[PDB]
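Chemist: Please read through the structure below; I'll follow up with questions.
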Amino acid sequence: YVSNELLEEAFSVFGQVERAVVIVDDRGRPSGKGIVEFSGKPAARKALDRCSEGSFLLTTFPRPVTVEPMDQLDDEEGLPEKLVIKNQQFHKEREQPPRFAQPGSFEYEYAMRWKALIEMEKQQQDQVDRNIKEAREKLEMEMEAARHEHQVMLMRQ
Amino acid sequence: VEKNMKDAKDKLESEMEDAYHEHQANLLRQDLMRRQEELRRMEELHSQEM
């Protein structure tokens with residue numbers, strides 16, 4: 001449960017926040033991610049290192065947010081033809097135009113190998129996602145136990 | 001009567017510090033017992049949850 005102003009104010013400690021909008025998909029539920037942009041590079045670096053070495057927490061739910069530098073994916077320029085190197089290997093990779101792979105040929109077999117490798121990659125990524133999800137679910141089920149134990153130990157101290 | 005009382009006042013003056021110490025000790029003990037009661041209650045609740 002997050003809001004744009006929540007990220008705007010929470011990260012306002014490290015510096016001025018020009019924009020802080022939670023990445024939200026079409027339906028409206030949060031996607032579990034967000035984008036925050038500062039004004040100065042030193043402020044962003046300080047926030048990044050403080051969050052990495054520290055535990056920046058947002059709400060009552062004691063789950064801090066992981067902070068990493070933003071990679072910038074651009075889709076405006078794309079890639080024009082003239083900015084390609086157009087060197088020798090480009091001609092090597094442009095001997096024949098794009099087309100379907102003829103069944104029973106070498107191209108079809110090697111494409112089968114590539115598709116199998118890609119499917120195995122997807123299966124491994126899904127397995128990692130499942131492991132992370134189960135670990136998080138197990139970690140969430142013990143909210144009350146750990147909190148009560150810490151209360152016990154602190155107050156007995 | 002005057003002498004007996006002169007003595008009663010003198011005696012009651014002597015317990016200035018002792019009664020104060022007793023009162024402070026007693027209030028500290030009451031606070032300690034109520035905190036220990038909280039301790040046992042929340043500890044057994046935590047044990048049941050575990």
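Chain labels A, B, ... are given in the sequence in which chains occur in the structure tokens; within each chain residues are numbered consecutively from 1, and ligands are likewise numbered from 1 in the order shown.
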What's around residue B:35 at 10 Å? Count only C-alpha atoms, leave out sequence neighbours fewer than 6 positions away in its own chain, and write the answer as a count of residues only.
Modeler: 4
Chemist: Residues of chain A within 10 Å of chain B, counting only C-alpha atoms, what are they? List them as a list in words.
Modeler: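 Output check: residues 142, 144, 145, 146, 147, 148, 149, 151, 152, 153, 155 and 156 of chain A.
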Chemist: Which residues in stretch 15-152 of chain A does DSSP call alpha helix (DSSP H)? List them as number ranges by chain.
Modeler: A: 41-53, 88-92, 106-141, 143-152
Chemist: Could you list, as a VMD selection string, every residue within 12 Å of residue A:41, counting only C-alpha atoms and ignoring same-chain residues fewer than 3 positions away?
Modeler: chain A and resid 14 to 17 37 to 38 44 to 48 69
Chemist: Suppose you want the space between atom CA of residue A:24 and atom CA of residue A:120; what is it in Å?
Modeler: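 Atom-to-atom, atom CA of residue A:24 to atom CA of residue A:120, that is 29.4 Å.
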